[PDB]
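S.K.: Pasting upload-v8.cif below, which is mmCIF, C-alpha atoms and all ligand atoms.
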data_coords
#
loop_
_atom_site.label_atom_id
_atom_site.label_comp_id
_atom_site.auth_asym_id
_atom_site.auth_seq_id
_atom_site.Cartn_x
_atom_site.Cartn_y
_atom_site.Cartn_z
CA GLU A 4 14.47 -4.84 25.52
CA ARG A 5 12.69 -6.64 22.64
CA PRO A 6 8.97 -6.02 22.21
CA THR A 7 6.52 -8.88 22.09
CA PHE A 8 5.85 -9.96 18.55
CA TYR A 9 2.78 -11.75 17.24
CA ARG A 10 2.13 -13.80 14.10
CA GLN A 11 -0.70 -13.78 11.56
CA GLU A 12 -1.38 -14.59 7.90
CA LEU A 13 -2.71 -11.86 5.60
CA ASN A 14 -3.73 -13.14 2.14
CA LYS A 15 -0.28 -13.62 0.54
CA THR A 16 2.17 -13.87 3.46
CA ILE A 17 2.82 -14.23 7.22
CA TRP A 18 3.32 -11.08 9.33
CA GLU A 19 5.29 -10.85 12.52
CA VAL A 20 4.99 -7.50 14.24
CA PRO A 21 5.44 -6.02 17.77
CA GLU A 22 2.17 -6.06 19.76
CA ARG A 23 2.31 -2.22 19.65
CA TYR A 24 0.73 -2.45 16.17
CA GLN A 25 -2.85 -3.63 16.07
CA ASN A 26 -5.73 -4.36 13.72
CA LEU A 27 -3.55 -4.89 10.66
CA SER A 28 -5.48 -4.82 7.40
CA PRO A 29 -4.15 -4.93 3.78
CA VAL A 30 -3.95 -1.83 1.55
CA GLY A 31 -2.40 -3.49 -1.56
CA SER A 32 0.71 -4.78 -3.33
CA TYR A 35 8.56 -4.65 -3.97
CA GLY A 36 6.47 -5.34 -0.88
CA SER A 37 3.01 -5.34 0.65
CA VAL A 38 1.50 -2.79 3.02
CA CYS A 39 -1.03 -3.05 5.86
CA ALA A 40 -2.99 -0.32 7.58
CA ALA A 41 -2.40 -0.75 11.33
CA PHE A 42 -3.24 1.09 14.51
CA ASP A 43 -0.24 2.15 16.49
CA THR A 44 -0.84 2.00 20.27
CA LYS A 45 2.15 4.09 21.24
CA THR A 46 0.78 7.15 19.36
CA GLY A 47 -2.87 6.49 18.53
CA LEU A 48 -2.15 7.25 14.88
CA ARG A 49 -3.13 5.13 11.95
CA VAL A 50 0.13 3.91 10.29
CA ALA A 51 1.21 1.84 7.34
CA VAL A 52 3.47 -1.18 7.89
CA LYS A 53 5.25 -2.37 4.74
CA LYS A 54 6.66 -5.92 4.68
CA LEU A 55 9.50 -6.15 2.17
CA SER A 56 9.26 -8.93 -0.29
CA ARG A 57 12.34 -11.18 -0.11
CA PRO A 58 14.67 -8.32 0.95
CA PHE A 59 17.84 -10.34 0.30
CA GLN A 60 16.82 -12.65 -2.64
CA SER A 61 19.75 -11.27 -4.77
CA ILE A 62 22.61 -8.74 -4.72
CA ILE A 63 20.19 -6.22 -6.32
CA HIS A 64 17.36 -6.78 -3.85
CA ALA A 65 19.87 -6.60 -1.03
CA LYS A 66 21.27 -3.30 -2.21
CA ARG A 67 17.75 -1.96 -2.91
CA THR A 68 16.56 -2.95 0.58
CA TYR A 69 19.52 -1.03 1.98
CA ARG A 70 19.00 1.99 -0.31
CA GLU A 71 15.34 2.34 0.66
CA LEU A 72 16.13 2.00 4.39
CA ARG A 73 18.93 4.54 4.09
CA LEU A 74 16.71 7.01 2.18
CA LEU A 75 13.78 6.57 4.59
CA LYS A 76 15.95 7.05 7.73
CA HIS A 77 17.23 10.33 6.34
CA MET A 78 13.97 12.04 5.34
CA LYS A 79 12.72 14.36 8.09
CA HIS A 80 10.46 16.88 6.46
CA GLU A 81 6.71 17.58 6.34
CA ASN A 82 6.28 16.94 2.64
CA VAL A 83 8.30 13.76 2.46
CA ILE A 84 7.51 10.25 3.74
CA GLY A 85 9.45 9.59 6.95
CA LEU A 86 10.22 6.52 9.09
CA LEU A 87 8.15 6.14 12.31
CA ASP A 88 9.63 2.71 12.83
CA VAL A 89 11.62 -0.17 11.35
CA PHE A 90 11.77 -3.60 12.92
CA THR A 91 12.51 -7.27 12.24
CA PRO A 92 11.29 -10.41 14.11
CA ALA A 93 14.98 -11.60 14.08
CA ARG A 94 16.94 -11.64 17.34
CA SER A 95 20.33 -11.91 15.59
CA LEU A 96 22.11 -10.95 12.36
CA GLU A 97 22.16 -14.68 11.59
CA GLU A 98 18.39 -15.07 11.66
CA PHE A 99 17.80 -11.63 10.00
CA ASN A 100 15.58 -12.23 6.99
CA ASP A 101 12.47 -10.04 7.14
CA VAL A 102 12.31 -6.24 7.06
CA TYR A 103 9.26 -4.14 7.92
CA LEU A 104 8.93 -0.35 7.60
CA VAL A 105 6.33 1.86 9.36
CA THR A 106 5.17 5.30 8.20
CA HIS A 107 2.12 7.55 8.67
CA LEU A 108 -0.95 6.36 6.80
CA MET A 109 -2.17 9.11 4.49
CA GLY A 110 -5.72 9.47 3.15
CA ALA A 111 -5.32 8.68 -0.56
CA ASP A 112 -3.01 9.54 -3.48
CA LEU A 113 -2.97 12.17 -6.22
CA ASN A 114 -4.37 9.76 -8.78
CA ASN A 115 -7.27 9.36 -6.30
CA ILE A 116 -7.80 13.16 -6.38
CA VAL A 117 -7.40 14.14 -10.08
CA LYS A 118 -9.44 11.06 -11.09
CA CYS A 119 -12.37 12.34 -9.04
CA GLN A 120 -12.70 15.85 -10.53
CA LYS A 121 -10.39 18.48 -12.03
CA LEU A 122 -8.91 20.67 -9.33
CA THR A 123 -9.57 24.36 -8.68
CA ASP A 124 -6.64 26.76 -8.97
CA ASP A 125 -6.29 27.37 -5.24
CA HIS A 126 -5.88 23.66 -4.58
CA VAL A 127 -3.38 23.14 -7.38
CA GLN A 128 -1.27 25.97 -5.90
CA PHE A 129 -1.21 24.28 -2.55
CA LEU A 130 -0.41 20.75 -3.80
CA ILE A 131 2.31 21.83 -6.31
CA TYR A 132 3.71 24.20 -3.68
CA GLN A 133 4.02 21.29 -1.25
CA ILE A 134 5.61 19.02 -3.88
CA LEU A 135 8.17 21.75 -4.64
CA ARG A 136 8.92 22.31 -1.02
CA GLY A 137 9.43 18.54 -0.52
CA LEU A 138 11.61 18.41 -3.68
CA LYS A 139 13.72 21.37 -2.66
CA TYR A 140 14.54 19.43 0.44
CA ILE A 141 15.25 16.12 -1.36
CA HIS A 142 17.34 17.92 -4.03
CA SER A 143 19.38 19.64 -1.33
CA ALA A 144 20.59 16.26 -0.17
CA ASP A 145 21.69 15.54 -3.80
CA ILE A 146 18.92 12.92 -4.10
CA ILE A 147 16.93 12.78 -7.29
CA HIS A 148 13.54 11.14 -7.01
CA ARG A 149 13.35 9.99 -10.67
CA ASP A 150 9.88 8.54 -10.52
CA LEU A 151 7.55 11.35 -9.53
CA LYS A 152 3.96 10.66 -10.67
CA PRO A 153 0.46 10.94 -9.10
CA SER A 154 0.58 7.56 -7.47
CA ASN A 155 3.78 8.64 -5.64
CA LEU A 156 2.19 11.63 -3.88
CA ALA A 157 0.20 10.87 -0.73
CA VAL A 158 -2.46 13.39 0.14
CA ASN A 159 -4.72 13.18 3.20
CA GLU A 160 -8.24 14.61 3.78
CA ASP A 161 -6.66 17.94 4.86
CA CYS A 162 -4.79 18.27 1.45
CA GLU A 163 -1.40 17.85 3.12
CA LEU A 164 1.06 16.20 0.77
CA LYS A 165 3.97 13.83 1.27
CA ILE A 166 6.26 12.66 -1.50
CA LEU A 167 6.93 8.98 -1.43
CA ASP A 168 8.41 6.18 -3.52
CA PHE A 169 6.44 2.94 -4.29
CA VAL A 183 -0.78 4.52 -14.80
CA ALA A 184 2.55 4.67 -16.72
CA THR A 185 5.80 6.00 -15.31
CA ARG A 186 6.68 7.05 -18.89
CA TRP A 187 4.00 9.79 -18.93
CA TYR A 188 5.93 11.82 -16.32
CA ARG A 189 9.52 11.10 -17.44
CA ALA A 190 11.78 13.91 -18.59
CA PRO A 191 12.67 13.63 -22.34
CA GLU A 192 16.40 13.27 -21.50
CA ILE A 193 15.70 10.05 -19.55
CA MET A 194 13.70 8.43 -22.38
CA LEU A 195 16.59 9.26 -24.77
CA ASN A 196 18.89 7.42 -22.34
CA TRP A 197 21.14 10.30 -21.28
CA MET A 198 23.61 8.99 -18.67
CA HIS A 199 24.15 12.45 -17.09
CA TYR A 200 20.66 13.87 -16.39
CA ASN A 201 20.32 15.87 -13.20
CA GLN A 202 17.82 16.88 -10.53
CA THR A 203 15.59 18.71 -12.97
CA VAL A 204 14.20 15.50 -14.35
CA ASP A 205 12.03 15.79 -11.20
CA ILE A 206 10.91 19.34 -12.14
CA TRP A 207 9.78 18.05 -15.52
CA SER A 208 7.64 15.42 -13.74
CA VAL A 209 6.20 18.11 -11.45
CA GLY A 210 5.30 20.08 -14.57
CA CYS A 211 3.49 17.08 -16.04
CA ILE A 212 1.69 16.59 -12.69
CA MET A 213 0.56 20.22 -12.42
CA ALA A 214 -0.81 20.36 -15.98
CA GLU A 215 -2.78 17.15 -15.31
CA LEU A 216 -4.26 18.71 -12.17
CA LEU A 217 -5.32 21.77 -14.12
CA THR A 218 -7.01 19.91 -16.95
CA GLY A 219 -7.97 16.45 -15.58
CA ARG A 220 -5.83 15.16 -18.46
CA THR A 221 -2.51 13.35 -18.65
CA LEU A 222 -0.35 15.90 -20.45
CA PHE A 223 1.68 13.34 -22.38
CA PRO A 224 -0.08 9.97 -22.49
CA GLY A 225 2.46 8.16 -24.71
CA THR A 226 1.89 4.53 -25.74
CA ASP A 227 5.66 3.87 -25.81
CA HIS A 228 8.89 5.90 -25.47
CA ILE A 229 8.84 6.97 -29.18
CA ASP A 230 5.23 8.09 -29.05
CA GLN A 231 6.00 9.81 -25.72
CA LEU A 232 8.78 11.88 -27.25
CA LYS A 233 6.58 12.77 -30.22
CA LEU A 234 3.93 13.98 -27.79
CA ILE A 235 6.49 16.00 -25.83
CA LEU A 236 8.19 17.72 -28.81
CA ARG A 237 4.80 18.51 -30.22
CA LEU A 238 4.19 20.78 -27.20
CA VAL A 239 7.64 22.08 -26.45
CA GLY A 240 8.98 22.09 -30.06
CA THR A 241 11.99 20.26 -31.50
CA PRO A 242 15.40 21.11 -30.09
CA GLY A 243 17.09 24.18 -31.45
CA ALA A 244 20.79 24.57 -32.03
CA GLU A 245 21.98 25.49 -28.52
CA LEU A 246 20.47 22.25 -27.22
CA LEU A 247 21.54 20.00 -30.12
CA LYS A 248 25.16 21.03 -29.59
CA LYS A 249 25.05 19.55 -26.07
CA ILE A 250 23.89 16.11 -27.25
CA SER A 251 26.83 13.63 -27.05
CA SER A 252 25.18 10.61 -28.68
CA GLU A 253 25.42 10.62 -32.49
CA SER A 254 22.34 8.37 -32.77
CA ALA A 255 20.16 10.30 -30.31
CA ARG A 256 21.07 13.53 -32.16
CA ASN A 257 20.03 11.80 -35.39
CA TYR A 258 16.66 10.56 -34.08
CA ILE A 259 15.99 14.10 -32.84
CA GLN A 260 17.13 15.81 -36.08
CA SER A 261 15.37 13.28 -38.33
CA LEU A 262 11.94 13.62 -36.68
CA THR A 263 10.00 16.40 -38.50
CA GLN A 264 10.68 19.82 -36.93
CA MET A 265 7.97 21.12 -34.57
CA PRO A 266 7.63 24.65 -33.19
CA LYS A 267 7.31 25.50 -29.50
CA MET A 268 3.67 25.99 -28.60
CA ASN A 269 2.15 28.95 -26.83
CA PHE A 270 1.27 27.47 -23.44
CA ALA A 271 -1.44 30.14 -22.84
CA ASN A 272 -3.29 28.53 -25.83
CA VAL A 273 -2.76 24.94 -24.79
CA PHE A 274 -3.79 25.68 -21.19
CA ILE A 275 -6.78 27.85 -22.11
CA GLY A 276 -8.53 29.46 -19.16
CA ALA A 277 -5.84 28.45 -16.63
CA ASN A 278 -4.35 31.08 -14.36
CA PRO A 279 -1.62 32.99 -16.32
CA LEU A 280 0.82 32.61 -13.42
CA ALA A 281 0.36 28.83 -13.54
CA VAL A 282 0.92 28.98 -17.31
CA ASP A 283 4.09 30.90 -16.64
CA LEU A 284 5.36 28.28 -14.14
CA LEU A 285 4.53 25.52 -16.58
CA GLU A 286 6.58 27.23 -19.32
CA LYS A 287 9.51 27.35 -16.88
CA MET A 288 9.11 23.71 -15.83
CA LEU A 289 8.69 22.07 -19.17
CA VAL A 290 11.77 23.40 -20.94
CA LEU A 291 13.14 20.66 -23.20
CA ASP A 292 16.68 21.76 -22.29
CA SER A 293 17.30 20.58 -18.75
CA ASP A 294 20.00 23.23 -18.18
CA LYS A 295 17.32 26.00 -18.51
CA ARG A 296 14.52 24.41 -16.39
CA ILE A 297 13.61 26.21 -13.23
CA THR A 298 14.84 24.40 -10.08
CA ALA A 299 12.70 23.56 -6.99
CA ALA A 300 14.15 26.48 -4.90
CA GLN A 301 13.47 28.88 -7.79
CA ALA A 302 9.99 27.52 -8.43
CA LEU A 303 9.00 28.16 -4.77
CA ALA A 304 9.73 31.87 -5.19
CA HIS A 305 7.62 32.10 -8.39
CA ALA A 306 4.57 34.43 -8.08
CA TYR A 307 2.05 31.62 -8.53
CA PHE A 308 2.83 30.58 -4.96
CA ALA A 309 2.93 34.06 -3.40
CA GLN A 310 0.34 33.14 -0.72
CA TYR A 311 2.13 29.99 0.47
CA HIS A 312 5.80 30.96 0.06
CA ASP A 313 7.90 31.58 3.14
CA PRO A 314 11.73 31.63 2.58
CA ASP A 315 12.15 30.77 6.31
CA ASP A 316 10.03 27.62 6.40
CA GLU A 317 11.50 25.94 3.31
CA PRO A 318 14.27 23.92 4.96
CA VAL A 319 17.06 21.99 3.28
CA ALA A 320 18.36 18.56 4.26
CA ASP A 321 21.35 17.25 6.22
CA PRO A 322 24.10 15.76 3.94
CA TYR A 323 23.22 12.36 2.54
CA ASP A 324 26.04 9.89 2.03
CA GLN A 325 25.23 7.85 -1.02
CA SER A 326 28.77 6.60 -1.70
CA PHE A 327 27.36 3.05 -1.24
CA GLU A 328 25.65 3.44 -4.63
CA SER A 329 29.00 2.98 -6.37
CA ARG A 330 29.92 -0.13 -4.37
CA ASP A 331 29.69 -3.74 -5.45
CA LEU A 332 29.19 -5.88 -2.39
CA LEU A 333 28.15 -9.39 -1.44
CA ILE A 334 24.60 -10.21 -0.59
CA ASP A 335 25.68 -10.83 3.09
CA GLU A 336 27.49 -7.54 3.24
CA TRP A 337 24.44 -5.55 1.99
CA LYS A 338 22.34 -7.55 4.43
CA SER A 339 24.62 -6.87 7.36
CA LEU A 340 24.72 -3.13 6.49
CA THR A 341 20.88 -3.21 6.57
CA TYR A 342 20.94 -4.92 9.95
CA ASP A 343 23.26 -2.25 11.28
CA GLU A 344 20.76 0.36 10.12
CA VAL A 345 17.76 -1.41 11.69
CA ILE A 346 19.63 -1.45 15.06
CA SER A 347 20.88 2.14 14.98
CA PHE A 348 17.43 3.48 14.17
CA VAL A 349 16.29 6.26 16.56
CA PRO A 350 12.49 6.80 16.60
CA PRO A 351 11.39 10.37 15.90
CA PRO A 352 10.22 12.88 18.57
CA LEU A 353 6.70 11.52 19.17
CA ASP A 354 4.92 14.91 19.44
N1 LIG B 401 23.40 19.49 -21.22
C1 LIG B 401 22.41 18.76 -21.76
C2 LIG B 401 21.10 19.21 -21.79
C3 LIG B 401 20.12 18.40 -22.36
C4 LIG B 401 20.42 17.14 -22.89
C5 LIG B 401 19.48 16.28 -23.48
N2 LIG B 401 18.20 16.61 -23.60
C6 LIG B 401 17.35 15.78 -24.45
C7 LIG B 401 16.57 16.57 -25.52
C8 LIG B 401 15.85 16.00 -24.29
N3 LIG B 401 19.85 15.08 -23.97
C9 LIG B 401 21.13 14.68 -23.91
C10 LIG B 401 21.51 13.41 -24.37
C11 LIG B 401 22.86 13.01 -24.35
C12 LIG B 401 23.26 11.74 -24.76
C13 LIG B 401 22.29 10.82 -25.19
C14 LIG B 401 20.95 11.20 -25.22
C15 LIG B 401 20.55 12.49 -24.81
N4 LIG B 401 22.03 15.48 -23.33
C16 LIG B 401 21.73 16.69 -22.84
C17 LIG B 401 22.72 17.51 -22.29
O1 LIG B 402 7.29 4.26 1.70
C1 LIG B 402 7.47 3.27 2.72
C2 LIG B 402 6.22 2.84 3.05
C3 LIG B 402 5.98 2.26 4.31
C4 LIG B 402 4.69 1.84 4.62
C5 LIG B 402 3.68 1.98 3.66
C6 LIG B 402 3.93 2.56 2.41
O2 LIG B 402 2.95 2.73 1.46
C7 LIG B 402 1.58 2.85 1.94
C8 LIG B 402 1.23 4.15 2.29
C9 LIG B 402 -0.09 4.40 2.64
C10 LIG B 402 -0.48 5.69 3.00
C11 LIG B 402 0.47 6.71 3.00
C12 LIG B 402 1.79 6.47 2.66
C13 LIG B 402 2.18 5.18 2.30
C14 LIG B 402 5.21 2.99 2.11
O1 LIG B 403 13.47 8.56 -4.41
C1 LIG B 403 13.84 9.75 -3.67
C2 LIG B 403 12.99 9.86 -2.61
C3 LIG B 403 12.25 11.01 -2.36
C4 LIG B 403 11.37 11.06 -1.28
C5 LIG B 403 11.24 9.98 -0.44
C6 LIG B 403 11.99 8.84 -0.70
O2 LIG B 403 11.90 7.76 0.08
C7 LIG B 403 12.42 6.66 -0.67
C8 LIG B 403 11.54 5.61 -0.60
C9 LIG B 403 10.27 5.81 -0.05
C10 LIG B 403 9.38 4.75 0.03
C11 LIG B 403 9.76 3.51 -0.45
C12 LIG B 403 11.02 3.33 -1.01
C13 LIG B 403 11.93 4.37 -1.09
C14 LIG B 403 12.86 8.78 -1.79
#
Step by step, read the file and then write its structure as structure tokens.
M.R.:
Amino acid sequence: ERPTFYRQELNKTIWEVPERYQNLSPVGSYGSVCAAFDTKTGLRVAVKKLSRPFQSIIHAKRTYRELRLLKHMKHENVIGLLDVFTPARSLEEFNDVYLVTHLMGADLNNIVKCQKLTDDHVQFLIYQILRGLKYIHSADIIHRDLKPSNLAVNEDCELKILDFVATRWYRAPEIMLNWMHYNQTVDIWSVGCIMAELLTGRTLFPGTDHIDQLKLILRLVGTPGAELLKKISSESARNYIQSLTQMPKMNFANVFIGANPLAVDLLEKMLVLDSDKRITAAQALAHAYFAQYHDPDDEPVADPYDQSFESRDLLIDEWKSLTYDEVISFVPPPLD
């Protein structure tokens, strides 16, 4: 029951895709993505060709990870899989992997780098990020790399979180300091940085390196007090922290002058240096700032996600074969 494939060369590489996808045209370069038209649905879609999916053990595992994560995400504010295919007829000739998802208008960098945003828009966009995160977090997945370029927004201001400017600007302070045991709330920190940027047209913490970045952070949120410092396991990290000149916590209502006071309040709750005290995604959705969008009955959580594979060390052929299994067992979504 194989579809008919067709070949073509687009700048860099070849492309071998079922006839169902038409008028492929590049959108940029981990992999490279083409805008296509999808004849089965009439929707514009993006087809990503993975670059050398099984070049190493790491690539192999990463190809598998991404396919696993994509197959699991079924939610309005998160990128989902319309299709995955290979030109291979057998495991033995399995070498190329292509992923298909909805094409979305632009990204959040292409929306904050056009104007500021008005308050009503920021509410809607941050709301949708939080609702997508609540879902992702409920599967015990941590995004880790949230930033404007990872948020796809279309012409209707609908937002989808995806994966794949500096990443550093959005990273939680615990990650910079190399804490092994950070949790989900690293993603809340990033959301906080995103929201502030949307409200001011400015990157909140545009650090030039990780040391700068921390200095910029502590300057706003203050240096750690005693209850936090007592939870820091690394002697050297604790020293860096305690040796850098003490800074006081800033009044956010002064730093975010003229912003809505409910947005200032959310921001205070998001950008807590101590990750144990940071508001979660579920809690942030019930904050007042979102009172016109919030519905506790249309804020779904995810099915369980098995990421036991993350702790496994496998051969390149075994990661590859696990990926093949997943390409074959893929069930297309309800085409509605
Ligand atoms: N329960 C917690 C809460 C917050 C923490 C935090 N926060 C960093 C100030 C941003 N950092 C660290 C840590 C541990 C080892 C090496 C480097 C950093 N641990 C934390 C443990
Ligand atoms: O995240 C997997 C994937 C698949 C195909 C394209 C892709 O990035 C391009 C893209 C373009 C427009 C909206 C969302 C993604 C990502
Ligand atoms: O990284 C967590 C996460 C959150 C939302 C979507 C998601 O899909 C993962 C992924 C998406 C696109 C390309 C590669 C991986 C992952």
S.K.: List all protein, DNA and RNA residues that have at least one atom no more than 9 Å from any atom of ligand LIG 403 (chain B), counting only C-alpha atoms and all ligand atoms, and write them as a PyMOL selection string.
M.R.: chain A and resi 35+67-68+70-78+82-85+104+137-138+141-142+146-151+155+165-169
S.K.: Skip region 289-301 of chain A itself and residues of its chain fewer than 5 positions away, then list as a PyMOL selection string all residues within 10 Å of it, counting only C-alpha atoms.
M.R.: chain A and resi 132+134-143+190-192+200-211+235-236+238-243+245-247+249+267+284+314+317+319
S.K.: What would the file look like if the residues just selected were written as a PDB file, keeping the file's coordinate frame with C-alpha atoms?
M.R.:
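Once written, part-v3.pdb looks like this:
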ATOM      1  CA  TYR A 132       3.710  24.200  -3.680  1.00  0.00           C
ATOM      2  CA  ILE A 134       5.610  19.020  -3.880  1.00  0.00           C
ATOM      3  CA  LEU A 135       8.170  21.750  -4.640  1.00  0.00           C
ATOM      4  CA  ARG A 136       8.920  22.310  -1.020  1.00  0.00           C
ATOM      5  CA  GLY A 137       9.430  18.540  -0.520  1.00  0.00           C
ATOM      6  CA  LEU A 138      11.610  18.410  -3.680  1.00  0.00           C
ATOM      7  CA  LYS A 139      13.720  21.370  -2.660  1.00  0.00           C
ATOM      8  CA  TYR A 140      14.540  19.430   0.440  1.00  0.00           C
ATOM      9  CA  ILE A 141      15.250  16.120  -1.360  1.00  0.00           C
ATOM     10  CA  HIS A 142      17.340  17.920  -4.030  1.00  0.00           C
ATOM     11  CA  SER A 143      19.380  19.640  -1.330  1.00  0.00           C
ATOM     12  CA  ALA A 190      11.780  13.910 -18.590  1.00  0.00           C
ATOM     13  CA  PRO A 191      12.670  13.630 -22.340  1.00  0.00           C
ATOM     14  CA  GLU A 192      16.400  13.270 -21.500  1.00  0.00           C
ATOM     15  CA  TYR A 200      20.660  13.870 -16.390  1.00  0.00           C
ATOM     16  CA  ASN A 201      20.320  15.870 -13.200  1.00  0.00           C
ATOM     17  CA  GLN A 202      17.820  16.880 -10.530  1.00  0.00           C
ATOM     18  CA  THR A 203      15.590  18.710 -12.970  1.00  0.00           C
ATOM     19  CA  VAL A 204      14.200  15.500 -14.350  1.00  0.00           C
ATOM     20  CA  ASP A 205      12.030  15.790 -11.200  1.00  0.00           C
ATOM     21  CA  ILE A 206      10.910  19.340 -12.140  1.00  0.00           C
ATOM     22  CA  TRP A 207       9.780  18.050 -15.520  1.00  0.00           C
ATOM     23  CA  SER A 208       7.640  15.420 -13.740  1.00  0.00           C
ATOM     24  CA  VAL A 209       6.200  18.110 -11.450  1.00  0.00           C
ATOM     25  CA  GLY A 210       5.300  20.080 -14.570  1.00  0.00           C
ATOM     26  CA  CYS A 211       3.490  17.080 -16.040  1.00  0.00           C
ATOM     27  CA  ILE A 235       6.490  16.000 -25.830  1.00  0.00           C
ATOM     28  CA  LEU A 236       8.190  17.720 -28.810  1.00  0.00           C
ATOM     29  CA  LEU A 238       4.190  20.780 -27.200  1.00  0.00           C
ATOM     30  CA  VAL A 239       7.640  22.080 -26.450  1.00  0.00           C
ATOM     31  CA  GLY A 240       8.980  22.090 -30.060  1.00  0.00           C
ATOM     32  CA  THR A 241      11.990  20.260 -31.500  1.00  0.00           C
ATOM     33  CA  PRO A 242      15.400  21.110 -30.090  1.00  0.00           C
ATOM     34  CA  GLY A 243      17.090  24.180 -31.450  1.00  0.00           C
ATOM     35  CA  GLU A 245      21.980  25.490 -28.520  1.00  0.00           C
ATOM     36  CA  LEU A 246      20.470  22.250 -27.220  1.00  0.00           C
ATOM     37  CA  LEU A 247      21.540  20.000 -30.120  1.00  0.00           C
ATOM     38  CA  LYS A 249      25.050  19.550 -26.070  1.00  0.00           C
ATOM     39  CA  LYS A 267       7.310  25.500 -29.500  1.00  0.00           C
ATOM     40  CA  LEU A 284       5.360  28.280 -14.140  1.00  0.00           C
ATOM     41  CA  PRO A 314      11.730  31.630   2.580  1.00  0.00           C
ATOM     42  CA  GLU A 317      11.500  25.940   3.310  1.00  0.00           C
ATOM     43  CA  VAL A 319      17.060  21.990   3.280  1.00  0.00           C
TER      44      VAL A 319
END
S.K.: Write out, as a Markdown table, each residue of chain A that has an atom at most 7 Å from ligand LIG 402 (chain B), together with the closest pair of atoms and their distance in Å to one decimal, counting all atoms listed in the file, rows going by chain and rising number.
M.R.:
| residue | atom | partner | partner_atom | distance |
| --- | --- | --- | --- | --- |
| A:38 | CA | B:LIG402 | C5 | 5.3 |
| A:51 | CA | B:LIG402 | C4 | 4.4 |
| A:52 | CA | B:LIG402 | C4 | 4.6 |
| A:53 | CA | B:LIG402 | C4 | 4.2 |
| A:84 | CA | B:LIG402 | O1 | 6.3 |
| A:104 | CA | B:LIG402 | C3 | 5.1 |
| A:105 | CA | B:LIG402 | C4 | 5.0 |
| A:106 | CA | B:LIG402 | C4 | 5.0 |
| A:107 | CA | B:LIG402 | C11 | 6.0 |
| A:108 | CA | B:LIG402 | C10 | 3.9 |
| A:109 | CA | B:LIG402 | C11 | 3.9 |
| A:110 | CA | B:LIG402 | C10 | 6.5 |
| A:111 | CA | B:LIG402 | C10 | 6.7 |
| A:157 | CA | B:LIG402 | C11 | 5.6 |
| A:167 | CA | B:LIG402 | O1 | 5.7 |
| A:168 | CA | B:LIG402 | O1 | 5.7 |
| A:169 | CA | B:LIG402 | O1 | 6.2 |
S.K.: Kindly indicate which residue among A:197, A:337, A:327, A:258 lies nearest to ligand LIG 401 (chain B), using all atoms listed in the file for the distances.
M.R.: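 Among the listed residues, A:197 lies closest to ligand LIG 401 (chain B).
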S.K.: CA of residue 121 (chain A) to CA of residue 270 (chain A): how many Å, to one decimal?
M.R.: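 CA of residue 270 (chain A) lies at a distance of 18.6 Å from CA of residue 121 (chain A).
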S.K.: Taking into account only C-alpha atoms, which residue in the set A:217, A:50, A:119, A:255 is nearest to residue 88 (chain A)?
M.R.: A:50
S.K.: Counting all atoms listed in the file, which of A:90, A:8, A:42, A:24 gets nearest to residue 343 (chain A)?
M.R.: A:90
S.K.: Just give me the residues with any atom within 9 Å of (-4.0, 1.2, 12.7), file coordinates, counting all atoms listed in the file, written as a list in words.
M.R.: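 Result, sorted by chain then residue number: residues 24, 25, 26, 27, 28, 39, 40, 41, 42, 43, 44, 47, 48, 49, 50, 51 and 108 of chain A.
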S.K.: Would you mind reading off the distance between CA of residue 276 (chain A) and CA of residue 131 (chain A), one decimal, in Å?
M.R.: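 Between CA of residue 276 (chain A) and CA of residue 131 (chain A) the gap is 18.5 Å.
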S.K.: Choose the residue, out of A:198, A:288, A:304, A:277, that has the smallest atom-to-atom separation from ligand LIG 401 (chain B); count only C-alpha atoms and all ligand atoms.
M.R.: A:198
S.K.: How many Å lie between atom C15 of ligand LIG 401 (chain B) and CA of residue 259 (chain A), rounded to one decimal?
M.R.: 9.4 Å
S.K.: For each of A:311, A:188, A:323, A:274, take the minimum atom-to-atom distance to residue 218 (chain A), counting only C-alpha atoms, then give the residue where this is smallest.
M.R.: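 When distances to residue 218 (chain A) are compared using only C-alpha atoms, the smallest one comes from A:274.
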S.K.: Of the candidates A:229, A:127, A:193, A:250, which one gets nearest to ligand LIG 401 (chain B) if we count only C-alpha atoms and all ligand atoms?
M.R.: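 Once distances to ligand LIG 401 (chain B) are computed over only C-alpha atoms and all ligand atoms, the minimum belongs to A:250.
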S.K.: Given the point (7.2, 8.5, -26.2) in the file's coordinates, find the residues that have an atom at most 12 Å from it, counting all atoms listed in the file, and give them as a list in words.
M.R.: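 Residues with an atom at most 12 Å from (7.2, 8.5, -26.2): residues 184, 185, 186, 187, 188, 189, 190, 191, 192, 193, 194, 195, 223, 224, 225, 226, 227, 228, 229, 230, 231, 232, 233, 234, 235, 236 and 237 of chain A.
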S.K.: Taking all listed atoms of region 235-254 of chain A, build the axis-aligned box, pad each of the six sides by 4 Å, then write its centre and edge lengths in Å to one decimal as lines of an AutoDock Vina configuration file.
M.R.:
center_x = 15.5
center_y = 16.9
center_z = -29.3
size_x = 30.6
size_y = 25.1
size_z = 14.9
